[PDB]
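Peer 1: Structure in structure tokens, see below.
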Amino acid sequence: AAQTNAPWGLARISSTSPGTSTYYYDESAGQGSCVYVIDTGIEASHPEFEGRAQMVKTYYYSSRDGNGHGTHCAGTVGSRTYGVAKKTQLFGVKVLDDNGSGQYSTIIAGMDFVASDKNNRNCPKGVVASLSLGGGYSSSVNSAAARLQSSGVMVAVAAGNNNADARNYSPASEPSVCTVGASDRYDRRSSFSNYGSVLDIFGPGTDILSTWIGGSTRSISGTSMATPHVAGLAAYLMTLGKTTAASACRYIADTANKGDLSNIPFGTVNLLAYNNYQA
Ligand SMILES: [Ca+2]
Ligand SMILES: [Ca+2]
């Protein structure tokens, strides 16, 4: 399948080269997979989700996304126009308040929630969780992310936006999950992207167009935007049977575009998420 005039990040995910604008992907499109977006929530009524999104948990007075960040990330995972895996099931877990903020205790509870709740959902092709969030190092936050991965969920986390080594941030620094840095449309490391030995992969993160609240769209930047490209790619590849939740981060790194990015510090992987789709 070919989506013309796609957001550059989708075109980038299916290309050996920067500078193209068509997204190419197997029409299976992540059907039969599930992606949890653990964030400010998801405006499930957005026409872009086509009924494939729903809220499953909130820790606040409402399950509504009053911010937009979670909706944007969920759109990059699985919206019809802006998404990598256009037929995946999206589940929202609102651990972040409408200011984009959340206590680590709540974030941890959300991760343990997903590890259990996947047993209440039909995901025959496998389960992914996207965590476009983080703060300073916490062994308890990392532990929660490691349990979620151990439970059979492909966990994708943002490296963080500090232009610093991700070793000092959580859940970015948990080694067993898939820690995602950000790149721009000219294959440069995004200026704010964390780096370091703990990164597994880069995805598109600068000037990423996706869904927003109020049934709208906008372009924003962050490792928060790179992370759902990887989460959506994992769900897509798992539907194809190419990989599993336990092995998907390694498979994405194995099959990545190698050495394409500029301003990657010595000791950080130079690997850009790539679906290796050939029509
Ligand atoms: Ca290349
Ligand atoms: Ca890792």
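As shown in the structure tokens, the chain order sets the letters A, B, ...; within each chain, residues go from 1, and ligands are also counted from 1 in the order they appear.
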Give as a list in words the residues surrounding ligand 1 up to a distance of 9 Å, considering only C-alpha atoms and all ligand atoms.

Peer 2: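 The distance check yields residues 15, 16, 17, 18, 257, 258, 259, 260 and 261 of chain A.
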
Peer 1: Write a file of the just-selected residues containing N, CA, C and O atoms, as a tab-separated table (two decimals), in the first residue's frame.

Peer 2:
chain	number	residue	atom	x	y	z
A	15	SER	N	11.52	4.18	3.97
A	15	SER	CA	12.47	4.57	2.93
A	15	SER	C	13.92	4.31	3.35
A	15	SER	O	14.30	4.51	4.50
A	16	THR	N	14.73	3.89	2.37
A	16	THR	CA	16.17	3.84	2.53
A	16	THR	C	16.79	5.27	2.53
A	16	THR	O	17.96	5.42	2.92
A	17	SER	N	16.04	6.29	2.07
A	17	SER	CA	16.58	7.66	1.89
A	17	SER	C	15.67	8.70	2.47
A	17	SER	O	14.44	8.55	2.40
A	18	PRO	N	16.25	9.82	2.98
A	18	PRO	CA	15.45	10.97	3.33
A	18	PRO	C	14.91	11.64	2.06
A	18	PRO	O	15.36	11.33	0.94
A	257	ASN	N	17.81	1.42	9.18
A	257	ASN	CA	18.77	2.15	8.36
A	257	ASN	C	19.98	2.51	9.24
A	257	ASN	O	19.82	3.14	10.29
A	258	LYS	N	21.18	2.11	8.79
A	258	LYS	CA	22.42	2.22	9.59
A	258	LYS	C	23.34	3.30	9.09
A	258	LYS	O	23.56	3.43	7.87
A	259	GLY	N	23.82	4.11	10.02
A	259	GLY	CA	24.79	5.13	9.67
A	259	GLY	C	24.27	6.32	8.89
A	259	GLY	O	25.08	7.08	8.35
A	260	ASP	N	22.95	6.55	8.84
A	260	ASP	CA	22.30	7.60	8.00
A	260	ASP	C	22.24	8.95	8.73
A	260	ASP	O	22.04	9.99	8.10
A	261	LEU	N	22.34	8.92	10.07
A	261	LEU	CA	22.06	10.13	10.86
A	261	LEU	C	23.33	10.92	11.13
A	261	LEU	O	24.41	10.34	11.27

Peer 1: Report the closest atom pair, with its distance in Å rounded to one decimal, for each residue of chain A that has an atom no farther than 7 Å from ligand 2; count only C-alpha atoms and all ligand atoms, sort by chain and then rising residue number, and write it as JSON lines.

Peer 2:
{"residue": "A:174", "atom": "CA", "partner": "ligand 2", "partner_atom_place_in_ligand_line": "1 (Ca)", "distance": 6.9}
{"residue": "A:175", "atom": "CA", "partner": "ligand 2", "partner_atom_place_in_ligand_line": "1 (Ca)", "distance": 4.2}
{"residue": "A:176", "atom": "CA", "partner": "ligand 2", "partner_atom_place_in_ligand_line": "1 (Ca)", "distance": 4.7}
{"residue": "A:177", "atom": "CA", "partner": "ligand 2", "partner_atom_place_in_ligand_line": "1 (Ca)", "distance": 4.7}
{"residue": "A:178", "atom": "CA", "partner": "ligand 2", "partner_atom_place_in_ligand_line": "1 (Ca)", "distance": 4.5}
{"residue": "A:179", "atom": "CA", "partner": "ligand 2", "partner_atom_place_in_ligand_line": "1 (Ca)", "distance": 5.7}
{"residue": "A:198", "atom": "CA", "partner": "ligand 2", "partner_atom_place_in_ligand_line": "1 (Ca)", "distance": 6.0}
{"residue": "A:199", "atom": "CA", "partner": "ligand 2", "partner_atom_place_in_ligand_line": "1 (Ca)", "distance": 6.4}
{"residue": "A:200", "atom": "CA", "partner": "ligand 2", "partner_atom_place_in_ligand_line": "1 (Ca)", "distance": 5.3}

Peer 1: Write to file, as a PDB file, in the first residue's frame, the residues of the selection just made, with N, CA and C atoms.

Peer 2:
ATOM      1  N   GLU A 174      15.953   2.394  31.450  1.00  0.00           N
ATOM      2  CA  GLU A 174      15.742   0.964  31.717  1.00  0.00           C
ATOM      3  C   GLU A 174      16.277   0.172  30.532  1.00  0.00           C
ATOM      4  N   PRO A 175      17.277  -0.714  30.734  1.00  0.00           N
ATOM      5  CA  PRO A 175      17.886  -1.324  29.547  1.00  0.00           C
ATOM      6  C   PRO A 175      16.982  -2.292  28.753  1.00  0.00           C
ATOM      7  N   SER A 176      16.075  -2.969  29.429  1.00  0.00           N
ATOM      8  CA  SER A 176      15.257  -3.998  28.775  1.00  0.00           C
ATOM      9  C   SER A 176      14.087  -3.534  27.854  1.00  0.00           C
ATOM     10  N   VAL A 177      13.781  -2.230  27.832  1.00  0.00           N
ATOM     11  CA  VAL A 177      12.702  -1.693  26.975  1.00  0.00           C
ATOM     12  C   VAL A 177      13.388  -1.096  25.725  1.00  0.00           C
ATOM     13  N   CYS A 178      12.616  -0.464  24.854  1.00  0.00           N
ATOM     14  CA  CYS A 178      13.151   0.104  23.614  1.00  0.00           C
ATOM     15  C   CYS A 178      13.167   1.610  23.778  1.00  0.00           C
ATOM     16  N   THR A 179      14.368   2.149  23.977  1.00  0.00           N
ATOM     17  CA  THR A 179      14.545   3.580  24.247  1.00  0.00           C
ATOM     18  C   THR A 179      14.764   4.306  22.920  1.00  0.00           C
ATOM     19  N   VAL A 198      22.337   3.713  26.132  1.00  0.00           N
ATOM     20  CA  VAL A 198      21.057   3.019  26.399  1.00  0.00           C
ATOM     21  C   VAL A 198      20.041   3.184  25.233  1.00  0.00           C
ATOM     22  N   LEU A 199      20.236   4.138  24.324  1.00  0.00           N
ATOM     23  CA  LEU A 199      19.308   4.227  23.173  1.00  0.00           C
ATOM     24  C   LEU A 199      19.382   2.978  22.349  1.00  0.00           C
ATOM     25  N   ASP A 200      18.220   2.538  21.854  1.00  0.00           N
ATOM     26  CA  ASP A 200      18.154   1.354  20.988  1.00  0.00           C
ATOM     27  C   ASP A 200      17.977   1.757  19.544  1.00  0.00           C
TER      28      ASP A 200
END

Peer 1: Write down as a CSV table (one decimal) with N, CA, C and O atoms, in the first residue's frame the residues of range 36-189 of chain A whose backbone DSSP state falls under helix (DSSP H, G or I).

Peer 2:
chain,number,residue,atom,x,y,z
A,47,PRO,N,-12.3,11.4,14.2
A,47,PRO,CA,-12.6,10.6,13.0
A,47,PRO,C,-11.4,9.9,12.5
A,47,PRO,O,-11.5,8.8,11.9
A,48,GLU,N,-10.2,10.4,12.8
A,48,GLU,CA,-8.9,9.7,12.5
A,48,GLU,C,-8.7,8.3,13.1
A,48,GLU,O,-8.0,7.5,12.5
A,49,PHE,N,-9.4,8.0,14.2
A,49,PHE,CA,-9.2,6.8,14.9
A,49,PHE,C,-10.2,5.7,14.4
A,49,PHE,O,-10.0,4.5,14.6
A,69,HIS,N,-1.4,16.0,23.9
A,69,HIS,CA,-0.2,15.3,23.7
A,69,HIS,C,-0.5,13.7,23.5
A,69,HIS,O,0.1,13.1,22.5
A,70,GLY,N,-1.4,13.2,24.3
A,70,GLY,CA,-1.6,11.7,24.2
A,70,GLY,C,-2.3,11.4,22.9
A,70,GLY,O,-2.1,10.4,22.2
A,71,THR,N,-3.3,12.3,22.5
A,71,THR,CA,-4.0,12.2,21.2
A,71,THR,C,-3.0,12.2,20.0
A,71,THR,O,-3.1,11.4,19.1
A,72,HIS,N,-2.0,13.1,20.1
A,72,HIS,CA,-1.0,13.3,19.0
A,72,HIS,C,-0.2,12.0,18.9
A,72,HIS,O,0.0,11.4,17.8
A,73,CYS,N,0.3,11.5,20.0
A,73,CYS,CA,1.1,10.3,20.1
A,73,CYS,C,0.3,9.1,19.6
A,73,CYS,O,0.8,8.3,18.7
A,74,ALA,N,-0.9,9.0,20.0
A,74,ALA,CA,-1.8,7.8,19.6
A,74,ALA,C,-2.1,8.0,18.1
A,74,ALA,O,-2.1,7.0,17.3
A,75,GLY,N,-2.2,9.2,17.6
A,75,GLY,CA,-2.3,9.4,16.1
A,75,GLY,C,-1.1,8.9,15.3
A,75,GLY,O,-1.3,8.3,14.2
A,76,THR,N,0.1,9.1,15.8
A,76,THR,CA,1.3,8.6,15.1
A,76,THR,C,1.4,7.1,15.2
A,76,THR,O,1.8,6.5,14.2
A,77,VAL,N,0.9,6.5,16.3
A,77,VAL,CA,0.8,5.0,16.3
A,77,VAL,C,-0.1,4.5,15.2
A,77,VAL,O,0.2,3.6,14.5
A,78,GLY,N,-1.4,5.0,15.2
A,78,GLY,CA,-2.5,4.3,14.6
A,78,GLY,C,-3.6,5.1,13.9
A,78,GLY,O,-4.6,4.4,13.5
A,104,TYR,N,5.3,9.8,39.6
A,104,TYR,CA,5.8,8.5,39.2
A,104,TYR,C,5.0,7.4,39.8
A,104,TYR,O,4.9,6.3,39.1
A,105,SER,N,4.4,7.5,41.0
A,105,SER,CA,3.5,6.5,41.5
A,105,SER,C,2.3,6.1,40.6
A,105,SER,O,2.0,5.0,40.4
A,106,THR,N,1.8,7.1,39.9
A,106,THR,CA,0.7,7.0,39.0
A,106,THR,C,1.2,6.3,37.7
A,106,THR,O,0.5,5.5,37.2
A,107,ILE,N,2.3,6.8,37.2
A,107,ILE,CA,2.9,6.2,36.0
A,107,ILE,C,3.2,4.8,36.2
A,107,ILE,O,2.9,3.9,35.3
A,108,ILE,N,3.7,4.4,37.4
A,108,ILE,CA,4.0,3.0,37.7
A,108,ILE,C,2.7,2.2,37.7
A,108,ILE,O,2.7,1.1,37.1
A,109,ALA,N,1.7,2.7,38.4
A,109,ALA,CA,0.4,2.0,38.5
A,109,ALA,C,-0.1,1.8,37.0
A,109,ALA,O,-0.6,0.7,36.7
A,110,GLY,N,0.1,2.8,36.2
A,110,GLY,CA,-0.4,2.6,34.7
A,110,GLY,C,0.3,1.5,34.0
A,110,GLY,O,-0.3,0.8,33.2
A,111,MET,N,1.6,1.4,34.2
A,111,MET,CA,2.4,0.3,33.6
A,111,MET,C,2.0,-1.1,34.1
A,111,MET,O,1.7,-2.0,33.3
A,112,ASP,N,1.8,-1.2,35.4
A,112,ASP,CA,1.3,-2.5,35.9
A,112,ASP,C,-0.1,-2.8,35.4
A,112,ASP,O,-0.4,-3.9,35.2
A,113,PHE,N,-0.9,-1.7,35.3
A,113,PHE,CA,-2.2,-1.8,34.8
A,113,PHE,C,-2.2,-2.5,33.4
A,113,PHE,O,-3.0,-3.4,33.1
A,114,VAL,N,-1.3,-1.9,32.5
A,114,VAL,CA,-1.3,-2.5,31.1
A,114,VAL,C,-0.8,-3.9,31.1
A,114,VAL,O,-1.4,-4.8,30.4
A,115,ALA,N,0.2,-4.3,32.0
A,115,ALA,CA,0.6,-5.7,32.0
A,115,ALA,C,-0.5,-6.7,32.3
A,115,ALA,O,-0.6,-7.8,31.8
A,116,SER,N,-1.4,-6.2,33.2
A,116,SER,CA,-2.6,-7.0,33.5
A,116,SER,C,-3.7,-6.9,32.5
A,116,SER,O,-4.3,-7.9,32.1
A,117,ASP,N,-4.0,-5.7,32.1
A,117,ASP,CA,-5.2,-5.4,31.3
A,117,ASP,C,-5.1,-6.0,29.9
A,117,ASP,O,-6.1,-6.4,29.3
A,118,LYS,N,-3.9,-6.3,29.4
A,118,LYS,CA,-3.8,-6.9,28.1
A,118,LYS,C,-4.5,-8.3,28.1
A,118,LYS,O,-5.0,-8.8,27.0
A,119,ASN,N,-4.5,-9.0,29.3
A,119,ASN,CA,-5.3,-10.2,29.4
A,119,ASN,C,-6.8,-10.0,29.3
A,119,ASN,O,-7.6,-11.0,29.2
A,120,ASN,N,-7.3,-8.8,29.2
A,120,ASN,CA,-8.8,-8.5,29.0
A,120,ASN,C,-9.1,-8.1,27.6
A,120,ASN,O,-10.2,-7.7,27.3
A,139,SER,N,14.7,4.0,40.0
A,139,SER,CA,14.9,2.6,39.9
A,139,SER,C,13.5,2.0,39.9
A,139,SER,O,13.2,0.9,39.2
A,140,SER,N,12.5,2.6,40.6
A,140,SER,CA,11.1,2.0,40.7
A,140,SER,C,10.4,2.2,39.4
A,140,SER,O,9.7,1.3,38.9
A,141,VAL,N,10.6,3.4,38.7
A,141,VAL,CA,10.0,3.6,37.4
A,141,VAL,C,10.6,2.6,36.3
A,141,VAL,O,9.9,2.0,35.5
A,142,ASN,N,11.9,2.4,36.4
A,142,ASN,CA,12.6,1.5,35.5
A,142,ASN,C,12.1,0.1,35.7
A,142,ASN,O,11.9,-0.7,34.7
A,143,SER,N,11.9,-0.3,37.0
A,143,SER,CA,11.5,-1.6,37.3
A,143,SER,C,10.1,-1.9,36.8
A,143,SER,O,9.8,-3.0,36.3
A,144,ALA,N,9.2,-0.9,36.9
A,144,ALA,CA,7.9,-1.0,36.3
A,144,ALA,C,7.9,-1.2,34.8
A,144,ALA,O,7.2,-2.1,34.3
A,145,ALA,N,8.8,-0.5,34.1
A,145,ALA,CA,8.9,-0.6,32.7
A,145,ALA,C,9.4,-2.0,32.3
A,145,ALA,O,9.0,-2.7,31.3
A,146,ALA,N,10.4,-2.5,33.1
A,146,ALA,CA,11.0,-3.9,32.9
A,146,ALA,C,9.9,-4.9,33.2
A,146,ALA,O,9.9,-5.9,32.4
A,147,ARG,N,9.1,-4.8,34.2
A,147,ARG,CA,8.0,-5.8,34.4
A,147,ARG,C,7.0,-5.8,33.2
A,147,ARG,O,6.7,-6.8,32.7
A,148,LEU,N,6.6,-4.6,32.8
A,148,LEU,CA,5.7,-4.5,31.6
A,148,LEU,C,6.3,-5.3,30.4
A,148,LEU,O,5.6,-6.1,29.8
A,149,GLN,N,7.6,-5.0,30.1
A,149,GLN,CA,8.3,-5.7,29.0
A,149,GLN,C,8.3,-7.3,29.2
A,149,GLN,O,7.9,-8.0,28.3
A,150,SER,N,8.8,-7.6,30.5
A,150,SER,CA,8.8,-9.1,30.9
A,150,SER,C,7.4,-9.8,30.7
A,150,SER,O,7.4,-11.0,30.3
A,166,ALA,N,20.7,9.8,28.2
A,166,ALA,CA,19.5,9.2,28.7
A,166,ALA,C,19.7,8.3,30.0
A,166,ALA,O,18.7,7.9,30.6
A,167,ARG,N,20.9,8.0,30.3
A,167,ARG,CA,21.2,7.2,31.5
A,167,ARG,C,20.6,7.8,32.8
A,167,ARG,O,20.3,7.1,33.7
A,168,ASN,N,20.4,9.2,32.7
A,168,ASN,CA,19.9,9.9,33.9
A,168,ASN,C,18.4,10.2,33.9
A,168,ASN,O,17.9,11.0,34.8

Peer 1: Kindly indicate which residue among A:9, A:181, A:265, A:241 lies nearest to residue 82 in chain A, using only C-alpha atoms for the distances.

Peer 2: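 Between A:9, A:181, A:265, A:241, the residue approaching residue 82 in chain A most closely is A:9.
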
Peer 1: Fewer than 4 positions away in the same chain doesn't count, so skip those; otherwise give me all residues within 12 Å of residue 242 in chain A, counting only C-alpha atoms, as a list in words.

Peer 2: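 Listing them by chain and then by number gives residues 30, 125, 126, 233, 234, 235, 236, 237, 238, 247, 248, 249, 250, 251, 252, 255, 275, 276 and 277 of chain A.
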
Peer 1: Check which residues of range 172-261 of chain A sit at most 10 Å from range 1-7 of chain A using only C-alpha atoms, and return one row each with the closest pair of atoms and their distance in Å to one decimal, ordered by chain and rising number, as a tab-separated table.

Peer 2:
residue	atom	partner	partner_atom	distance
A:207	CA	A:7	CA	9.3
A:208	CA	A:7	CA	7.0
A:209	CA	A:7	CA	6.2
A:210	CA	A:7	CA	8.3
A:219	CA	A:7	CA	9.7

Peer 1: Could those selected residues go to a file with N, CA, C and O atoms, as a PDB file, in the first residue's frame?

Peer 2:
ATOM      1  N   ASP A 207       8.986  18.145  13.995  1.00  0.00           N
ATOM      2  CA  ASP A 207       7.945  18.626  13.097  1.00  0.00           C
ATOM      3  C   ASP A 207       7.083  17.466  12.576  1.00  0.00           C
ATOM      4  O   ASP A 207       7.006  17.190  11.362  1.00  0.00           O
ATOM      5  N   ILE A 208       6.431  16.793  13.530  1.00  0.00           N
ATOM      6  CA  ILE A 208       5.605  15.625  13.254  1.00  0.00           C
ATOM      7  C   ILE A 208       4.115  15.971  13.313  1.00  0.00           C
ATOM      8  O   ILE A 208       3.594  16.361  14.386  1.00  0.00           O
ATOM      9  N   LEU A 209       3.444  15.816  12.164  1.00  0.00           N
ATOM     10  CA  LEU A 209       2.019  16.152  12.029  1.00  0.00           C
ATOM     11  C   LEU A 209       1.190  14.958  12.503  1.00  0.00           C
ATOM     12  O   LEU A 209       1.453  13.817  12.103  1.00  0.00           O
ATOM     13  N   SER A 210       0.206  15.203  13.355  1.00  0.00           N
ATOM     14  CA  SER A 210      -0.646  14.129  13.858  1.00  0.00           C
ATOM     15  C   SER A 210      -1.948  14.742  14.415  1.00  0.00           C
ATOM     16  O   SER A 210      -2.148  15.959  14.375  1.00  0.00           O
ATOM     17  N   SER A 219       1.395  19.996  14.131  1.00  0.00           N
ATOM     18  CA  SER A 219       2.783  19.504  14.148  1.00  0.00           C
ATOM     19  C   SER A 219       3.535  19.953  15.387  1.00  0.00           C
ATOM     20  O   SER A 219       3.582  21.153  15.721  1.00  0.00           O
TER      21      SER A 219
END

Peer 1: Please determine, counting only C-alpha atoms, which residue among A:124, A:68, A:131, A:103 has the shortest atom-to-atom distance to residue 220 in chain A.

Peer 2: A:68

Peer 1: What is the CA of residue 12 in chain A-CA of residue 53 in chain A distance in Å, reported with one decimal?

Peer 2: 24.8 Å

Peer 1: Taking only C-alpha atoms into account, produce a table as JSON lines in which each residue of range 195-228 of chain A with an atom at most 10 Å from an atom of range 42-46 of chain A appears once, together with its shortest atom pair and the distance in Å to one decimal, ordered by chain and rising number.

Peer 2:
{"residue": "A:211", "atom": "CA", "partner": "A:46", "partner_atom": "CA", "distance": 7.9}
{"residue": "A:212", "atom": "CA", "partner": "A:43", "partner_atom": "CA", "distance": 7.9}
{"residue": "A:213", "atom": "CA", "partner": "A:43", "partner_atom": "CA", "distance": 6.2}
{"residue": "A:214", "atom": "CA", "partner": "A:46", "partner_atom": "CA", "distance": 7.8}
{"residue": "A:215", "atom": "CA", "partner": "A:46", "partner_atom": "CA", "distance": 5.1}
{"residue": "A:216", "atom": "CA", "partner": "A:46", "partner_atom": "CA", "distance": 8.0}

Peer 1: Pick out the closest residue to residue 83 in chain A from this set: A:164, A:134, A:194, A:231. Count only C-alpha atoms.

Peer 2: A:231

Peer 1: List every residue of range 52-208 of chain A that DSSP, applied to the backbone of this structure, assigns to strand (DSSP E), and report them as a ChimeraX atom specification.

Peer 2: /A:53-58,89-94,126-131,135-136,153-158,169-170,178-183,201-204,208

Peer 1: Got a sec: who's within 10 Å of residue 19 in chain A, counting only C-alpha atoms, leaving out chain neighbours fewer than 6 positions off, as an mmCIF file with N, CA, C and O atoms, in the first residue's frame?

Peer 2:
data_model
loop_
_atom_site.group_PDB
_atom_site.id
_atom_site.type_symbol
_atom_site.label_atom_id
_atom_site.label_comp_id
_atom_site.auth_asym_id
_atom_site.auth_seq_id
_atom_site.Cartn_x
_atom_site.Cartn_y
_atom_site.Cartn_z
ATOM 1 N N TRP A 8 6.232 13.458 6.698
ATOM 2 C CA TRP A 8 7.608 13.030 6.347
ATOM 3 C C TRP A 8 8.064 11.822 7.168
ATOM 4 O O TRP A 8 8.786 10.980 6.637
ATOM 5 N N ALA A 11 6.838 8.609 5.692
ATOM 6 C CA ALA A 11 7.646 8.354 4.487
ATOM 7 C C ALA A 11 9.062 7.887 4.874
ATOM 8 O O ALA A 11 9.603 6.957 4.255
ATOM 9 N N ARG A 12 9.637 8.500 5.901
ATOM 10 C CA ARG A 12 10.991 8.148 6.320
ATOM 11 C C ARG A 12 11.104 6.685 6.819
ATOM 12 O O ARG A 12 12.081 5.996 6.520
ATOM 13 N N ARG A 185 13.882 15.722 9.492
ATOM 14 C CA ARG A 185 13.621 15.313 8.107
ATOM 15 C C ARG A 185 14.875 15.335 7.240
ATOM 16 O O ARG A 185 14.883 14.789 6.128
ATOM 17 N N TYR A 186 15.932 15.979 7.732
ATOM 18 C CA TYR A 186 17.223 15.926 7.043
ATOM 19 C C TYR A 186 18.189 14.888 7.654
ATOM 20 O O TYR A 186 19.399 14.948 7.430
ATOM 21 N N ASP A 187 17.645 13.918 8.393
ATOM 22 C CA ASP A 187 18.441 12.867 9.047
ATOM 23 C C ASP A 187 19.488 13.382 10.048
ATOM 24 O O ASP A 187 20.537 12.745 10.224
#

Peer 1: Write out as a list in words each polymer residue whose atoms come within 8 Å of residue 230 in chain A, counting only C-alpha atoms; drop sequence neighbours fewer than 2 positions from it.

Peer 2: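 In the requested form, the answer reads residues 156, 180, 203, 226, 227, 228, 232, 233, 234 and 273 of chain A.
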
Peer 1: Could you turn the residues from that selection into a file that holds N, CA, C and O atoms, as a PDB file, in the first residue's frame?

Peer 2:
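Output (result01.pdb):
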ATOM      1  N   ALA A 156       8.013   0.638  24.278  1.00  0.00           N
ATOM      2  CA  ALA A 156       8.778   1.721  23.614  1.00  0.00           C
ATOM      3  C   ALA A 156       8.686   2.986  24.476  1.00  0.00           C
ATOM      4  O   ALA A 156       7.581   3.372  24.853  1.00  0.00           O
ATOM      5  N   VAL A 180      13.933   5.312  22.654  1.00  0.00           N
ATOM      6  CA  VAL A 180      13.840   5.898  21.316  1.00  0.00           C
ATOM      7  C   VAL A 180      14.292   7.361  21.297  1.00  0.00           C
ATOM      8  O   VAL A 180      13.684   8.216  21.975  1.00  0.00           O
ATOM      9  N   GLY A 203      13.705   7.422  15.858  1.00  0.00           N
ATOM     10  CA  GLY A 203      12.576   7.578  14.965  1.00  0.00           C
ATOM     11  C   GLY A 203      12.352   9.068  14.682  1.00  0.00           C
ATOM     12  O   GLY A 203      12.904   9.923  15.355  1.00  0.00           O
ATOM     13  N   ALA A 226       8.843  10.554  18.358  1.00  0.00           N
ATOM     14  CA  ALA A 226       9.638   9.464  17.784  1.00  0.00           C
ATOM     15  C   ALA A 226       9.128   8.133  18.334  1.00  0.00           C
ATOM     16  O   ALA A 226       9.045   7.127  17.631  1.00  0.00           O
ATOM     17  N   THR A 227       8.856   8.120  19.628  1.00  0.00           N
ATOM     18  CA  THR A 227       8.475   6.898  20.334  1.00  0.00           C
ATOM     19  C   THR A 227       7.244   6.161  19.693  1.00  0.00           C
ATOM     20  O   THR A 227       7.354   4.967  19.443  1.00  0.00           O
ATOM     21  N   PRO A 228       6.132   6.877  19.365  1.00  0.00           N
ATOM     22  CA  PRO A 228       5.009   6.154  18.760  1.00  0.00           C
ATOM     23  C   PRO A 228       5.278   5.688  17.305  1.00  0.00           C
ATOM     24  O   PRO A 228       4.599   4.773  16.812  1.00  0.00           O
ATOM     25  N   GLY A 232       4.295   1.934  16.805  1.00  0.00           N
ATOM     26  CA  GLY A 232       3.464   1.570  15.667  1.00  0.00           C
ATOM     27  C   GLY A 232       4.213   0.604  14.751  1.00  0.00           C
ATOM     28  O   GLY A 232       3.616  -0.357  14.268  1.00  0.00           O
ATOM     29  N   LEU A 233       5.511   0.828  14.545  1.00  0.00           N
ATOM     30  CA  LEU A 233       6.296  -0.076  13.682  1.00  0.00           C
ATOM     31  C   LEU A 233       6.336  -1.476  14.298  1.00  0.00           C
ATOM     32  O   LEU A 233       6.167  -2.486  13.574  1.00  0.00           O
ATOM     33  N   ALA A 234       6.577  -1.550  15.606  1.00  0.00           N
ATOM     34  CA  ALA A 234       6.557  -2.837  16.287  1.00  0.00           C
ATOM     35  C   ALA A 234       5.220  -3.553  16.067  1.00  0.00           C
ATOM     36  O   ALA A 234       5.222  -4.740  15.706  1.00  0.00           O
ATOM     37  N   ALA A 273      14.692   3.764  12.560  1.00  0.00           N
ATOM     38  CA  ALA A 273      13.600   2.760  12.393  1.00  0.00           C
ATOM     39  C   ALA A 273      13.176   2.695  10.921  1.00  0.00           C
ATOM     40  O   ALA A 273      12.960   3.738  10.284  1.00  0.00           O
TER      41      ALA A 273
END

Peer 1: So how many Å separate CA of residue 224 in chain A and CA of residue 278 in chain A, to one decimal?

Peer 2: 28.0 Å

Peer 1: CA of residue 152 in chain A to CA of residue 229 in chain A: how many Å, to one decimal?

Peer 2: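 Spanning CA of residue 152 in chain A to CA of residue 229 in chain A is a straight-line distance of 19.6 Å.
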